[PDB]
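Heads up, the thing below is written out as structure tokens.
In this analysis, Cβ positions are derived from the backbone assuming ideal geometry, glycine residues included, and neighbour counts consider all displayed protein chains. Read-outs: derived from the displayed coordinates by stated rules, not from any lab.
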């Protein structure tokens with residue numbers, strides 16, 4: 001298990017679907033629809049999961065996106 005930051009894992013939380021494969025296909029298809037800062041962050045974080053499989057990304061399973069919820073609270 002690798003250690004990702006809050007910025008990295010929260011961006012993955014936006015497109016997390018179908019393991020890390022569908023996550024990469026979600027991010028790369030929505031790159032022109034994404035923010036510039038989000039896109040430059042995306043290429044760094046996807047390079048972390050590039051040496052990983054669906055198994056290793058399921059161990060991560062978005063761990064670091066709960067810390068930013070206290071800042072605004074999106075009603076869910």
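At q = 0.18, 0.23 Å⁻¹, what is the base-10 log of I(q)/I(0) for the chain according to the Debye formula with one equal point scatterer per Cα and no solvent? Please give it to two decimals.
Treating every Cα as an identical point scatterer, log10 I(q)/I(0) equals -0.70, -1.10.
So, in nm, how far is label residue 66 from label residue 35 when the simple model puts each one 7 Å beyond its Cα toward the Cβ?
Spacing of the two 7 Å Cα→Cβ label points: 2.4 nm.
Take the alpha-carbon centre of region 1-32, take the same for region 41-76, and report the distance between them in whole Å.
Taking the Cα centre of region 41-76 as reference, the centre of region 1-32 is 6 Å away.
Given only helices, namely DSSP H runs of n ≥ 4 each adding -39500 (n - 2.57), what is the per-residue ellipticity at 222 nm of the chain, to the nearest 500 deg cm²/dmol?
My calculation for the chain gives -16500 deg cm²/dmol from helical runs alone.
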